[PDB]
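# Descriptive structure summary
Spelled out from the first residue to the last, the chains are:
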Amino acid sequence: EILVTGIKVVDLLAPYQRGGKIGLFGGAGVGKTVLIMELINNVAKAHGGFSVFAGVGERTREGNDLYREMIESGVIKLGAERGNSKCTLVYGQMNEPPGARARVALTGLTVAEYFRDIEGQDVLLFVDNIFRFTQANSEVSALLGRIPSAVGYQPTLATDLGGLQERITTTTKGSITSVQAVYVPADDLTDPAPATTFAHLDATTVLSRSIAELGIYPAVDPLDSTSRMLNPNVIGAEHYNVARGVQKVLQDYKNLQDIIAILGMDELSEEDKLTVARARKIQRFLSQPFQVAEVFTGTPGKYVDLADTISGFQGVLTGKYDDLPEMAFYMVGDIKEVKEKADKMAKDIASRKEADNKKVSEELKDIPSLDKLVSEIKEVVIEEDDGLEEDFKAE
Amino acid sequence: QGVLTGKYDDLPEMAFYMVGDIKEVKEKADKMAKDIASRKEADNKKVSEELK
Amino acid sequence: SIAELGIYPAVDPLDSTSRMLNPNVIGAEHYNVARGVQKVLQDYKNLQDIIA
Amino acid sequence: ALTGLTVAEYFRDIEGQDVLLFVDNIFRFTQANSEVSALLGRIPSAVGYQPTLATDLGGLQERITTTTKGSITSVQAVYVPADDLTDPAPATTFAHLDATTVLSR
Amino acid sequence: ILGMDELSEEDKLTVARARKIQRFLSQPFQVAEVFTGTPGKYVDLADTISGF
Amino acid sequence: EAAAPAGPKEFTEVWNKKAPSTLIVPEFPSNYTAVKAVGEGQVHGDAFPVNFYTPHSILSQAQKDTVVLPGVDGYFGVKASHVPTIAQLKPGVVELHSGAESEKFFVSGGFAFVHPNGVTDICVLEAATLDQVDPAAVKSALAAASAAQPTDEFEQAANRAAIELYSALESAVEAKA
Amino acid sequence: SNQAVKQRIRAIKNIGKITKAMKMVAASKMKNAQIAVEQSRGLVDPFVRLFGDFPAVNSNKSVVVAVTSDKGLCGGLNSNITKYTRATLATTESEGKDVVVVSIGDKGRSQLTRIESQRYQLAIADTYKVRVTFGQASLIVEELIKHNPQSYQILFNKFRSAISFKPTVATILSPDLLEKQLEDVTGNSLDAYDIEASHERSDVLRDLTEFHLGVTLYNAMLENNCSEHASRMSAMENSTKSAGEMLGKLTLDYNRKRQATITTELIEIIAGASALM
Amino acid sequence: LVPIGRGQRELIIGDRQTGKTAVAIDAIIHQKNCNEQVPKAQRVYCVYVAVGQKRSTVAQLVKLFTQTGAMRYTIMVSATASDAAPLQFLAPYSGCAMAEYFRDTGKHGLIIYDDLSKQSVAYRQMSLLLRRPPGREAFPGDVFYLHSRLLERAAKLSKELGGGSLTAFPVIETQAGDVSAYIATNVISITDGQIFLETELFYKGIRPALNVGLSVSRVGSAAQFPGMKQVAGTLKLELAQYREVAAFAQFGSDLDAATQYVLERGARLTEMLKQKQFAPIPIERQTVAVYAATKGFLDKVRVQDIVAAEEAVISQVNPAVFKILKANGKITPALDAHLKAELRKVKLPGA
Amino acid sequence: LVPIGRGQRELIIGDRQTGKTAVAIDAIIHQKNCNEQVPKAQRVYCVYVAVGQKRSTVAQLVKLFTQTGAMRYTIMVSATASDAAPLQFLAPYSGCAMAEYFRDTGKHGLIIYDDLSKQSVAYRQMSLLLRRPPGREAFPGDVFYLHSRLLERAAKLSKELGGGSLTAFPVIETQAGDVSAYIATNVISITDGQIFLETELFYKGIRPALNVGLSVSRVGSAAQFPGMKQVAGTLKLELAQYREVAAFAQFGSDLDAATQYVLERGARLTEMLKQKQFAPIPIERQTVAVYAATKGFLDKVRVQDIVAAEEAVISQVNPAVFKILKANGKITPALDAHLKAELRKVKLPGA
Amino acid sequence: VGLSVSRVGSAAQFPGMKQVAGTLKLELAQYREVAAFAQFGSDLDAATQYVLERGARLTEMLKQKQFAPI
Ligand SMILES: Nc1ncnc2c1ncn2[C@@H]1O[C@H](COP(=O)(O)OP(=O)(O)OP(=O)(O)O)[C@@H](O)[C@H]1O
Ligand SMILES: Nc1ncnc2c1ncn2[C@@H]1O[C@H](COP(=O)(O)OP(=O)(O)OP(=O)(O)O)[C@@H](O)[C@H]1O
Ligand SMILES: Nc1ncnc2c1ncn2[C@@H]1O[C@H](COP(=O)(O)OP(=O)(O)O)[C@@H](O)[C@H]1O
Ligand SMILES: [Mg+2]
Ligand SMILES: [Mg+2]
Ligand SMILES: [Mg+2]
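Each chain's residues are numbered sequentially from 1 according to the written sequence, a convention that need not reproduce the entry's numbering, and residues without coordinates are excluded. As they are written, the chains are lettered A onward and the ligands numbered 1 onward, keeping that order. A larger assembly contains the chains shown, and all values are computed for the shown part only. The basis for the side-chain values is all heavy atoms of the structure; hydrogens and waters are excluded. Residues with missing side-chain atoms are left out of burial classes, side-chain pairs and their counts.

In the PDB archive, cryo-EM is given as the structure determination method for this entry, at a resolution of 3.5 Å.

In the annotation of the PDB entry, chain D is listed under the name ATP synthase subunit beta and assigned to Polytomella sp. Pringsheim 198.80.

Naming follows the PDB entry, where chain B appears as ATP synthase subunit beta of Polytomella sp. Pringsheim 198.80.

Have a look at this one:
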């Protein structure tokens, strides 16, 4: 069953299975915590069941921010109404020694597995950097008297990861929907610790760095993020057809990048410089402003329905939007907002005013004298040279 | 030596594909210069009917 | 690479050597034909970067 | 190289002059320390240099300073392996250099 | 690629300035006067700054 | 008679009413021409401006005082402040004078215009100087040209254009000293 | 994988000199085209001080020529004047007139059927194989005399400098169909000239308009040939920079992969030797 | 293009999410389809060995092999990821010993070792913890012998031993198309062919994502279906021409008409070999639909609807030809002129 | 552009000689200048840890911090290149203990681990001399834990714990802009922001050479100066537009007189964001200058005068503007009606 | 010629070879950087066609058969 997440590229090209495992790959600041927070915000509040956040080896500031954000949002209630809470946080963050980070994912799984097996209900299990479990076992295993495997890891990498990951499943008595961010080290998808984790997931969401350097957020690599749901007997026929058409247009653009690099767009044929324009349009249309990213971008977040993104990408695949500019597609929710932003961005190229309507000179009882304003400044005191000796000598 | 000096530069380039010696490439070029003209009238002409 | 062209036996003519390619063991006619073939093939490999 | 440093350090510390210590191919100092580190059975680092690469270069180059008595000013010829300016021996050596005098043909 | 008459007048002036900068960076050396004959010159710093 | 004044200045407004605004106006070859016809001047006395062009070469731009042009009715002359003439030229010799000397090209047929500002503009395709014509093949082509009496009006027009050229090529080599 | 980058480096390294060779070839072609364009610019002056410049006429039939390039390495030449012959062919048709599309060049017939195919009639190629002369320009002028419009349109990149290629329009009015009709300004502006020709004014105007179209077409395909060589010189300078910057990226990636290869092989040897000792 | 005989070993090599398990599943489902139209001496009883996958993937595959009906011929050996490394080491030998029962009794088998690379990873763990000295990529010395002594048990036995067979389909996952890796070179050199799948052709719409230039089968046309063999060598040749006319198709102005015909014909042939997953077509409909495209019957059809044109050709010709091409075993001359003309009265989605 | 809060971890990552130490030095010197103008409760005491540096450069730096008067608030924990590798491994922890003193008792601390890349080199030496198995770039597996254990101690403590804070500035030296190395991507996934200093902006005179598109601080926008929060929004917007038009119009191809407008606007904002070394600017004098450059009062000033015209703006504006903006902390709707008026009456060069 | 050096070969050879070896070194160093350019010999400058003929004249002079040292 599909999980509508309200993100365009995720719901279109690699749709999450309700109950499946989800992996968010990407390395060192591409957005695999902002994406997992927006997944928490979209799926988790409209879920119905419980949530379990297992932070494994990530920032303690992030755990404090998540804890206070869930307190301010009613997902976590303190004290007398604590039974109404719907999230358990389990934290083995990156200041903990390697014995603790290697075993806190198992604590998160045990708190989730009591809900799945005994309580018998749907839960959501978000894990922040399941890579830190593998890396912590690599730090431990260097001292346990073992011969090291390939690039420096433990020999029991696949079996430790399989012992952890095979417990995160849906059974006939309950359901764990698991999203796990997976750090790739030094931007290498062929590193053995992500390349083993690839085989344990239904839906994969590979966040790339170059797509983030293009400004496109979420920086999902659309030809590297796959799913077991992208199948016409599962998601319907027209969703699957527009997904394959989007991926074909992006792949045809990707094969042209070296000749566009040296020879420019003035060398391609008409059929190629059409697909360059359409693929640059659908590159921008995969971007979307998140609700949790609005604190540092300003643009409010967009929940995009599945029908909205299927129809919106069907339009740009057919050719119904060839006369809109590229930056109309940048950071918009659905196909109405790109047209609204296009009409607004050709209004804003014609928004010209003459003599710029100041009314700034001689404002009758708006501005005081400057000395009246400096009179409003209360004066702070300078408290005698840091006083550091005496309040150290209190001890 | 013949294709080096230019003795057989008037043959097609694909007559040389999978032939033994310099005579069989000539016969394959002659077979090609037959069969380029065979695809002119080779459809019906009571030649590919259902009753022959 | 030559097998990608379908050509069989896929022997590389600019990498296959012998000590029997001296003109003192096969004669000047065989050595000069083989060196002419190697020269025209190396000319072609040095022009493929332009004709591509 | 430490012998050349010591003959220079006598002029700096006792005579109190300004010395020009010329170290021809600091890279061969690096690779000779790499050889004598591998011969003592130490596990080599990245590309094949010793684990104590930065400290061996530091223990050489940190005596080429200006004291209150005099100064050693060193002119070190630098070889770059495989024309790689990110190779660990020039990447560790360029952290000590104050000037490069690139001579060209 | 085009010619010495193609560039500007002030760019021709900077060509003159730079081509006499490149000569003035040169210097005879006192260690070379044994095998070149021309004597060497220790140029002071203030003379270099005031010359350039 | 004056209900459509087209031109280079008026082309810009009718262009901008229905063009994309990014493109500047398509330029005009009259914007690179310095001497007009209805503009008074470019006479200044005795030396009048000539313009003897060919496609493959420009052979004159400067001033002359008397030029003789091999027209279709006879080798007429143009002096300083002349009558405006749309003059078609027959194959013949042009004569350009600046004084006692004379530079003489055998032209091969092309118009020459005197304007209401005193300029003349001799526009001929192939202009041969008399010292570059071979005076030996002037009869070997002419004999075969006068002998070739064809059956078609196109080829006999070609033969007529041949023989009127060759007959002028006779006296272009004889009486020049 | 490590063999892909070292071969790709040699690929980009030969591309970056192939395009620089074609750049200097384009410069040496521009250097001899520069004297031919200055020998052939001057013949458009007497006709435009004689026939004027009448682009926006009431033509019932019109013919447009877009003078484009043959080879395909120009870099913003054939598609610029494609947009100019789009926007200019937006402008002439304002009363439901016929306009015939002609283009000169292999990159023009492949760039003008995209916008105007039913209005396309004629395509000319192979024009700059050896050089340009008045013969072939007069011949394609005759092929436009196979049509009989009221006016002719020319589009070509005029070689102003080696950097500026002004897309110049040349409008050639049909003589007794439109030219004397556009000159009837308080009488007729052409009647100040005295006809020396063998026949009447209409026939010398016919020969004159044929010669004027032929010489502006010769000038167009010489201006455009020289600006083609200049644009290929500019576009294979920007391309050498791109294939030098991609080579600068690929050498750095090769050196990262080289150092990582030596570290990986070394770590494997050390782990295998320490498993025994 | 890459025909497979009963008794050889065909590697399926590619990157992740390219079609490897899909090709193996289509093979097992088509063995179920062929097992009902043949006598009991021709039936192929498949064995699926799943080493290192999740149990959810194995549950999806057992659900699929039950839904299609292929479970009554299939054995499913699953040492999964939570299972111990000696179980993932000894799972392909278990499944090969189960398939050797059908090989040794005159019947035919189809063993598919899914992710033989994960067997090599489990063996690497099991040998590194036994303090055996590692080698390249920390693999042991005998990891060539590990896969060779497993794959050489897939044999076509002689007539004095029952004449049975065993076809092996090892699946190898590579990292970014790198076949210069250790286990990849080992099992490439061990097996007969290779079905090399690419992820850059998987996203160009060409699915199953077979890189035709590198995918070979070293039995050749010795165990190709005749009739399919009569068009298949020309199919290889025309795709070989289309591949060497490529990397020039960025010049759409370059009107040649000597290369554009093969550049269009190769596009129709590339569009021909696309196929949905979980639906294997019988061999007679396949050779009819390749006889439809190698002759130029689809040359009018646009390249964007040949995947419907092939279904219309198969569904609009008579269902009486496939019955006699399945029995007659080659395109007989009493069939090539019948179905020359039966492909004229079919209507096409292309004009 | 990348504003920094108290309790943050901000990585100053760059290449060799691109001015990372200069950013850290200006931060420390600015904390000296700002400590005398605040109450005792909000005063930042700095620590400079010098790991793997030359002793001469630390000697010049101590000379600079004493001749500024910044050594009154600074601790210097110097482990030079001659010192043994456990000392360079331990000196970030000694410095972080010395600044955790100030964090724990309600005071505020700043710490600069200068070249944590050299601390990781020292720890790689310690690990390989302990015969420990190495990994990526021959680093031990716990070289991430080395840096995360250290950088997690930079915190903003609660009201129950004193309220003190510790702000860390790790410096990381990349090689050729290789921001995807092992230690660089380790510290990128620990710290809150990133200050990426490009070498090519540095070699074009643009110093501090801030890569504006890559350097971020998603934790600071909530914690910056409220005048600069509303002034520098159009600064980062116009700098993004300047970067994209100087990413597309680099060839000198087409001019539009609107993209040329944002070109000559970003070419003035970039000249405004230049800064001389060792001379920090108080934040109100910063935001008045950024106001004057984004509200168009430095328009028509030539692109070689804004480093003089900004001194003209700062010298010729009434100082009550800076006092009011510092005290209120926001450009009040009365204060900008003062401020644009007093910005028009400024003798700008060129005119 | 480009990658083969001899760092004593600056004046350690036959003097009669030194009369011509500097001209041979420069006339090939002029050729190695432009031979990669114009594999085509169609449209060549007068300053580059002389180097692309002289380099080919000197390169085929500098080859010799085996077992026959001069
Ligand atoms: N011919 C095809 N047509 C349509 N979809 C296909 C085709 N082949 C594969 N797919 C889809 O592509 C995805 C590829 O998964 P696949 O079965 O290839 O895994 P694999 O590469 O064998 O191994 P892994 O599971 O490790 O990726 C599947 O979701 C499958 O449904
Ligand atoms: N803002 C600036 N304005 C002008 N010059 C600067 C600026 N910042 C740095 N520089 C110059 O850059 C040079 C190197 O600066 P700095 O010492 O800060 O680099 P660094 O990053 O420490 O390099 P390294 O780590 O290799 O020593 C110095 O000489 C300094 O004068
Ligand atoms: N949807 C988004 N919109 C805007 N910026 C984003 C988005 N996602 C990520 N970022 C950028 O990524 C940074 C955070 O990366 P993060 O999510 O922590 O990845 P990681 O956990 O891999 O470090 C933020 O500073 C922000 O600038
Ligand atoms: Mg994170
Ligand atoms: Mg699979
Ligand atoms: Mg520094």
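Having put the structure on the table, let's press on.
### Overview of the overall build of chain B
When you go through chain B residue by residue, the secondary structure sums to two helices and zero strands. We compute the radius of gyration over the C-alpha atoms and compare it with the globule rule, which gives 2.2 Å times the number of residues raised to the power 0.38. Against the globule reference of 10 Å for 52 residues, chain B gives a C-alpha radius of gyration of 16 Å, more extended than a compact globule. C-alpha extents for chain B along the principal axes are approximately 55 × 20 × 15 Å. Among the 52 residues that make up chain B, the fraction classed as buried is 12%. Accessible surface, chain B as shown: approximately 4,800 Å² in total, 51% of it carbon and sulfur. Numbering of helices and strands starts at the N terminus; helices are DSSP runs of H or I of at least 4 residues and strands are runs of E of at least 2. Whether a residue is buried, partly exposed or exposed follows from its accessible area with a 1.4 Å probe, protein chains only, as a fraction of its type maximum: under 20%, in between, or over 50%, in that order. All accessible-area figures derive from a Shrake-Rupley calculation using a 1.4 Å probe, and residue coverage is judged against the displayed protein chains alone.

### Details of the site of ligand 1
For each residue, the test is whether any non-hydrogen atom lies within 4 Å of the molecule or strand; if one does, the residue is near. The local shell around ligand 1 holds 15 residues, among which H:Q17, H:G19, H:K20, H:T21 and H:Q277 are the closest. Around ligand 1, the neighbouring residues derive from chains A and H rather than from a single chain. Take H:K20: an N or O atom from its side chain is 2.9 Å from an oxygen atom of ligand 1. Contact with the protein chains hides 82% of the accessible area of ligand 1, taken as 630 Å² for the molecule alone. With three residues, helix α1 (residues 20-35) of chain H is the largest single contributor of residues to the shell around ligand 1. Each residue receives one of three labels: charged for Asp, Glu, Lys and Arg, nonpolar for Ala, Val, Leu, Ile, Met, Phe, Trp, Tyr, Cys and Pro, and polar for the others, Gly being one of them. Considered class by class, the residues forming the shell around ligand 1 number four nonpolar, seven polar and four charged. Polar contacts, as used here, are pairs of N or O atoms within 3.5 Å; protein pairs need one atom able to donate a hydrogen and one able to accept it. Residues neighboring in sequence count only if both atoms are side-chain atoms.

### Concerning the pattern of salt bridges
Just to be clear on terms, a salt bridge is a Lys or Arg side-chain nitrogen sitting within 4 Å of an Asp or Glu carboxyl oxygen. Enumeration according to the criterion identifies 75 salt bridges over all chains in this entry. Across the salt bridge formed by D:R12 and D:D13, the nearest N and O atoms sit 3.5 Å from each other. On the basis of relative accessible area, D:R12 is assigned to the buried category, the value being 5%. Under the relative-accessibility criterion, D:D13 is labelled partly exposed at 30%. Through salt bridges with shared partners, a single ionic network connects A:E113, A:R116, A:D117 and A:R167.

### A closer look at the sheet that holds strand β7 (residues 92-97) of chain F
Residues and elements named next belong to chain F. Any two strands between which DSSP finds at least two bridges are classified as paired. Here five strands make up an open sheet; going across it, the order is β5-β4-β7-β8-β11 and the pairing antiparallel. Strand pairing shows two members of the sheet lacking a second neighbour, β5 (75-78) and β11 (127-129), which therefore form its edges. When the angles between neighbouring strand axes are averaged without regard to direction, this sheet yields 25 degrees. Sheet topology note: the strand β8 (residues 102-107)/β11 ladder contains three bridges and is antiparallel. Residue pairing in the sheet places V107 in a bridge with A127 of β11. In the packing of helix α3 (residues 153-174) onto the sheet, contacts are made with β7 and β8, and the angle to β8 comes to roughly 155 degrees. Angles here are taken between N-to-C directions and fall from 0 to 180 degrees, while the axes themselves are lines fitted to C-alpha atoms, restricted in helices to the stretch in contact. Here a residue-residue contact requires only that any non-hydrogen atoms of the pair lie within 4.5 Å.

### Here we look at the interface of chain G and chain F
Chain G puts 50 residues into the contact, and the matching count from chain F is 52 residues. A quick way to say it: buried area is the sum, across both parts, of accessible area lost when two parts are put together, with a 1.4 Å probe. Taken together, the two surfaces of chain G and chain F that pack against each other cover about 4,400 Å², and 66% of this comes from carbon and sulfur. Taken as a group, G:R49, G:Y193 and G:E196 account for 18% of the area that chain G buries against chain F, more than any other trio of residues on that side. The tally of links between chain G and chain F comes to one salt bridge. Between G:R49 and F:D121 there is a salt bridge; the shortest N-O distance is 2.7 Å. At the boundary of chain G with chain F, the tally comes to eleven residue pairs in polar contact. Elements with a contribution of two residues or more to the side of chain G that touches chain F: α1 (2-40), α2 (45-48), α3 (80-91), β5 (165-173), β6 (194-195) and α7 (201-274) of chain G. Here the side of chain G that touches chain F gets seven residues from one element, more than from any other, and that element is α3(G). When its residues are assigned to classes, the side of chain G that touches chain F shows 26 nonpolar, eleven polar and 13 charged. For strand β6 (residues 85-87) of chain F and β6(G), the ladder comprises two bridges, and the chain directions are parallel. Bridge pairing in β6(G) links F:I86 to G:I195.

### Quick word on a negative patch on the surface
Residues and elements named next belong to chain G. The patches reported here contain residues having more than 30% relative accessible area and no salt bridge. Joining distances are 9 Å for like charges and 5 Å for nonpolar side chains (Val, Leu, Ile, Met, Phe, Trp, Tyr). Charged-residue counts in this description rest on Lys and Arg as positive and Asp and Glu as negative, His and the chain ends being excluded. To locate a charge, the coordinates of NZ of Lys, CZ of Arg, CG of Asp or CD of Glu are taken. On the surface, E142, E200, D203, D207 and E210 cluster together into a negatively charged patch. Broken down by element, the negative patch gets its largest block of residues, three residues, from α7. Position of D207 among the secondary structure elements: in helix α7. With relative accessibility at 34%, the residue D207 sits in the partly exposed group.

### Let's talk about the sheet that holds strand β7 (residues 195-197) of chain I
Strands belonging to one sheet form pairs held by backbone hydrogen bonds; the direction of such a pair is parallel or antiparallel. Residue and element names in this part refer to chain I. Within the open sheet, the three strands sit side by side as β6-β1-β7. Their pairing is parallel. One side of each edge strand has no neighbouring strand; the edge strands of this open sheet are β6 (171-173) and β7. Geometrically, the sheet is characterised by an average inter-axis angle of 20 degrees between neighbouring strands, direction not taken into account. Where strand β1 (residues 12-14) lies against β7, three bridges are found, and the strand directions are parallel. Bridge pairing in β7 links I13 to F196. The strands touched by helix α1 (residues 20-35) are β1, β6 and β7; relative to β1, the strand with the most contacts, the crossing angle is about 155 degrees.

### A closer look at the site of ligand 2
Residues and elements named next belong to chain I. The environment of ligand 2 is made up of 13 residues, and the closest members are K20, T21, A22, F202 and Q277. Between ligand 2 and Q17, the relevant distance is 3.2 Å, taken from an oxygen atom to a main-chain nitrogen or oxygen of the residue. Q275 is positioned such that a nitrogen or oxygen atom in its backbone is 3.2 Å from a nitrogen atom of ligand 2. For ligand 2, the protein covers 67% of the area, taking 620 Å² as the surface of the free molecule. Split into classes, the residues belonging to the shell around ligand 2 amount to three nonpolar, six polar and four charged.

### Observations concerning the nonpolar core
One finds A:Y16, A:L24, A:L39, A:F126 and A:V338 to be the most contacted residues of the largest nonpolar core, which totals 71 residues. The contacts of A:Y16, once residues within four sequence positions are left out, are A:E1, A:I2, A:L3, A:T5, A:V10, A:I22, A:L24, A:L39, A:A203 and A:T205. Residues belong to one nonpolar core when they are buried, are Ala, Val, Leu, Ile, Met, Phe, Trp, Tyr or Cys, and are joined through side-chain atoms within 4.5 Å.

### A short note on the pairing of strand β1 (residues 61-67) of chain G
Residues in a regular strand project their side chains so that they alternate between the two faces of the sheet. Residue and element names in this part refer to chain G. Burial of β1 is extensive: six of the seven residues sit out of reach of the surface. In the sheet, β1 pairs with strand β2 (residues 98-104) via seven bridges, with the strands oriented parallel. Bridging from a neighbouring strand, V63 pairs with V100 of β2. Since β1 and β2 lie parallel, the crossover through α3 that links them has a hand, and here it is right-handed. Here five bridges tie β1 to strand β4 (residues 151-159), and the two strands are oriented parallel to one another. In the sheet register, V64 faces β4, and the bridge partner there is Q153. Assignment of crossover handedness uses the view with strands pointing away from the viewer, where a clockwise path from the first strand over the helix to the second indicates a right-handed crossover.

### Some words on the side chain of G:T19
Turning to its location among the elements, G:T19 is positioned in helix α1. Non-local contacts of G:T19, meaning those with residues more than four positions away in its chain, are made with G:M236, G:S239 and G:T240.

### Quick word on a nonpolar patch on the surface
On the surface, C:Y44, C:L47, C:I50 and C:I51 cluster together into a nonpolar patch covering about 330 Å² of accessible area. For C:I51, a relative accessible area of 51% puts it in the exposed group.

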